[PDB]
Amino acid sequence: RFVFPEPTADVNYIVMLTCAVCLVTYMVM
Amino acid sequence: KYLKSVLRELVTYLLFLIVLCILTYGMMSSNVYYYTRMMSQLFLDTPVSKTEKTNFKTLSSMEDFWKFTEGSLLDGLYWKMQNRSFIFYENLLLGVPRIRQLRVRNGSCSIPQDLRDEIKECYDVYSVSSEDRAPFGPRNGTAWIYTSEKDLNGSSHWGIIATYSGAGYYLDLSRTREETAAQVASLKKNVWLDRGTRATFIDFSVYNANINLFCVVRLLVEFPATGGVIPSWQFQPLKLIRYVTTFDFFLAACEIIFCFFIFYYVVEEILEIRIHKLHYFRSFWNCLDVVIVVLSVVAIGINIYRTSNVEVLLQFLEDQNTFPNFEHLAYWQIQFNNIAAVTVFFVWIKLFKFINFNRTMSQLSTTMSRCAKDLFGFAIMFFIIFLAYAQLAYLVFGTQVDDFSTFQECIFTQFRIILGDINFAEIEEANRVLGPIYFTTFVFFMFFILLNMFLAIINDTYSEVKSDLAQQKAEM
Ligand SMILES: *[C@@H]1O[C@H](CO)[C@@H](O)[C@H](O)[C@H]1NC(C)=O
Ligand SMILES: *[C@@H]1O[C@H](CO)[C@@H](O)[C@H](O)[C@H]1NC(C)=O
Ligand SMILES: *[C@@H]1O[C@H](CO)[C@@H](O)[C@H](O)[C@H]1NC(C)=O
């Protein structure tokens, strides 16, 4: 059931922010 | 000895510098500014009609665009000679203009069921996933039928709002005003710019045989999904028949010499990698030669690419009744100009390596080198608070001020505040309570509390360095 949507040219900020925080909290740690 | 190594590297660099400066003088001529200035004044800075006073750069409605198209546009393109058209009796209009439209389809968006009764149709914002591809209106010609990007030889543009495609509904105007006016009137009659249009481009080019220099023109008005019109323009003076005069041969010889110098620098920099020390990148004087070499190689490659694909000119010259597609060369010209400018800047910066001829310059160089770490340590703490202020301004004022409309605009506005350029006459009405507080607190905490630490650090380091080198001499 793997699909290849690519339906938008926009960006979701929630995932980017969550990943950035989860990486900075690892670098400082 | 040691005098035969620091002097050879100087003479092999001064020749490089003079060759680069010769090329730089060769590129930027003084006959270019006035060409663009007159064209821009002719097309952007004239009223659409004798009654109205709205020129191109102040369009505010879709109906004003139709006044511009059959109006100050045709009034500038077609001139009667004192058949072909000479725009200023000097600049030849070669080919025919093209006008192209980008539109979306109804139902690309969803209106909520609660108010679905009053809203009939909606059109989404522009995106390639939601772009109309079906015939509309009277399906007779090529202005009402979608044509692919590959069938137009088009490319993206990166407008102000979005990044538009190269495919759409296009129509080629005529060689004479009496036919172009009829074509545009027919386009206006059967509505061609409805609510679904998202962009509209106009392209043409000129020659001006007096000085061998083309000039490509692109005019863009984009209608966002929230209403309004956003105009934009671009004039680029190309040059495609370069090998005409003796100075052109001299410049070609200079480019060949520059290529040889870059090859020499590549070999003489790779000689100091494996034959000698490796991973010697804590110098800043060998991390800058790699930048120069890389940028010069990129510039050479870009020039070869943009001069090895000139088939558009020959294709147009074979049949001179069609649209000359010069919009690709005008992009690589811009990229080449940017790369050459940056390379020249860095080559000029590299001169600091060779000014240590006496003590009064070595002292300043040491003072600059010893305070770099402290300045870098403080710059982080400065810029964190700077970015905090920028984001606060963006979130609070970033909807109604224009100057804080985007993050970059916030950064540049704060820099101009530091310069003391902009004043808070418009911030206050955006927010009565946080208008003056932001301005006064920003000035107080970034003009003479955190801005004076750089001065303190630099003064203290200079005094320390001078004292140390003076005490070093006090034992002879
Ligand atoms: C577009 O589609 C909607 C239905 O989704 C319809 O109500 C509307 O009339 C259509 N627009 C035109 C111009 O026909
Ligand atoms: C297409 O344009 C022609 C131009 O004469 C005219 O017949 C009409 O406006 C359009 N429709 C058809 C079917 O030709
Ligand atoms: C695109 O380029 C080809 C030449 O490769 C040319 O024949 C064709 O007419 C061009 N497209 C248009 C719409 O003129």
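All positions are counted from 1 along the displayed chain.
Determined by electron microscopy, 3.3 Å, according to the entry header.
Note that Cβ sites are derived from N, Cα and C of the backbone, with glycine treated the same way.
According to Swiss-Prot, the feature transmembrane segment maps to B:6-27 (among others). Packing against the transmembrane segment (B:6-27) from elsewhere in the chain are residues 247, 251, 254-255, 257-258, 261, 264-265, 337, 340, 343-344, 347-348, 350-351, 354: each is 6 or more residues past its ends and has a CB under 8 Å from a CB in it.
The DSSP secondary structure for B:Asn83 (N-linked glycosylation site) is coil. Taken from Swiss-Prot, the feature N-linked glycosylation site applies to B:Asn83 (among others), supported by experimental evidence.
The number of other Cβ atoms within 10 Å of the Cβ belonging to B:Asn106 (N-linked glycosylation site), over all protein chains shown, comes to 14. Among the features that Swiss-Prot reports, N-linked glycosylation site is placed at B:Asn106 (among others).
The disulfide bond annotation in Swiss-Prot covers B:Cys109-B:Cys122 and is backed by experimental evidence. Taken residue by residue with DSSP, B:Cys109 (disulfide bond) is part of neither helix nor strand, so it is coil. Within 10 Å of the C-beta of B:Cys109 (disulfide bond) we count 14 further C-beta atoms, all protein chains included.
Residues or ranges marked as N-linked glycosylation site in Swiss-Prot (evidence: experimental evidence): B:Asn140 (among others). All protein chains shown were included, and the count of other CB atoms within 10 Å of the CB of B:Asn140 (N-linked glycosylation site) stands at 11. Look at B:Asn140 (N-linked glycosylation site): DSSP puts it in coil.
The N-linked glycosylation site feature in Swiss-Prot is assigned to B:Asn153 (among others). Listed in sequence order, B:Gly166, B:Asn325 are the same-chain residues at least 6 apart in sequence whose CB falls under 8 Å from the CB of B:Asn153 (N-linked glycosylation site).
Sequence-distant neighbours of the transmembrane segment (B:247-267) (same chain, 6+ residues past either end, Cβ-Cβ under 8 Å): 12, 15-16, 19-20, 22-23, 26, 289, 292-293, 296-297, 300, 303. Look at Swiss-Prot and you will find B:247-267 (among others) tagged as transmembrane segment, backed by experimental evidence.
Summarising the annotation, Swiss-Prot assigns topological domain 'Cytoplasmic' to B:268-283 (among others). In the topological domain 'Cytoplasmic' (B:268-283), the DSSP tally of helix, strand and coil residues is 3 helix, 0 strand, 13 coil.
Taken from Swiss-Prot, the feature transmembrane segment applies to B:284-304 (among others). Here the transmembrane segment (B:284-304) has long-range neighbours at 255, 258-259, 262, 265-266, 269, 272, 332, 335-336, 339-340, 342-343, 346-347, 349-350, 353, meaning same-chain residues at least 6 beyond its ends whose C-beta is under 8 angstroms from one of its own.
Per Swiss-Prot, the feature topological domain 'Extracellular' maps to B:305-330 (among others). Under 8 Å from some Cβ of the topological domain 'Extracellular' (B:305-330) lie the Cβ atoms of residues 94-98, 153-155, 172, 175, 203, 205, 214, 216, 218, 234, 236, 238, 240-241, 336, all in the same chain and six or more residues away from its ends.
Residues or ranges marked as transmembrane segment by Swiss-Prot: B:331-351 (among others).
The DSSP secondary structure for B:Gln335 (cholesterol binding site) is helix. Around B:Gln335 (cholesterol binding site), a 10 Å sphere centred on its CB holds 14 further CB atoms from the protein chains shown. What Swiss-Prot lists as cholesterol binding site is B:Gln335, and the listing cites experimental evidence.
With a threshold of 8 Å between CB atoms, the same-chain residues lying at least 6 positions outside the topological domain 'Cytoplasmic' (B:352-375) that come near it are 6, 9-10, 13, 285, 454, 457-458, 461-462, 464-466, 469. The feature topological domain 'Cytoplasmic' is assigned by Swiss-Prot to B:352-375 (among others).
Beyond its flanks by at least six residues, the transmembrane segment (B:376-397) meets 403-404, 406-407, 410-411, 413-414, 427, 430-431, 434, 438, 442, 445-446, 450, 453-454, 457 of its own chain at Cβ-Cβ distances under 8 Å. The transmembrane segment annotation in Swiss-Prot covers B:376-397 (among others), and the record cites experimental evidence as its basis.
Taking H, G and I as helix, E and B as strand and the rest as coil, DSSP gives the topological domain 'Extracellular' (B:398-409) the counts 3 helix, 0 strand, 9 coil. As annotated by Swiss-Prot, topological domain 'Extracellular' applies to B:398-409 (among others).
Long-range contacts of the intramembrane segment (B:410-424) within its own chain (CB-CB distance under 8 A, at least 6 residues past either end) are made by residues 386, 389-391, 393-394, 398, 403-404, 435-436, 439, 442-443, 446-447, 451. Here Swiss-Prot flags B:410-424 as intramembrane segment.
Through the fold, the topological domain 'Extracellular' (B:425-432) approaches residues 396-397, 400-401, 403, 438-439 of its own chain, all at least 6 residues removed from its boundaries and within a Cβ separation under 8 Å. In this structure, the recorded positions that sit close to ligand 2, with a C-beta under 6 angstroms from any of its atoms, are B:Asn140, chosen from B:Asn106, B:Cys109, B:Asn140, B:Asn153.
In this structure, B:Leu419 is the one among the recorded positions B:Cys122, B:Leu419 with the smallest number of other Cβ atoms inside 10 Å of its Cβ. Note on proximity: of the recorded positions B:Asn83, B:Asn106, B:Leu419, the one nearest B:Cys122 (disulfide bond) is B:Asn106, by Cα distance.
Summarising the environment of B:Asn83 (N-linked glycosylation site), the number of other Cβ atoms within 10 Å of its Cβ, over all protein chains shown, is 6. When secondary structure is read from DSSP and collapsed to three states, B:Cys122 (disulfide bond) falls in the coil class. Below 8 angstroms of C-beta separation, residues 390-391, 422, 426-427, 430 of the same chain, each at least six residues beyond the ends of the topological domain 'Extracellular' (B:398-409), sit close to that stretch.
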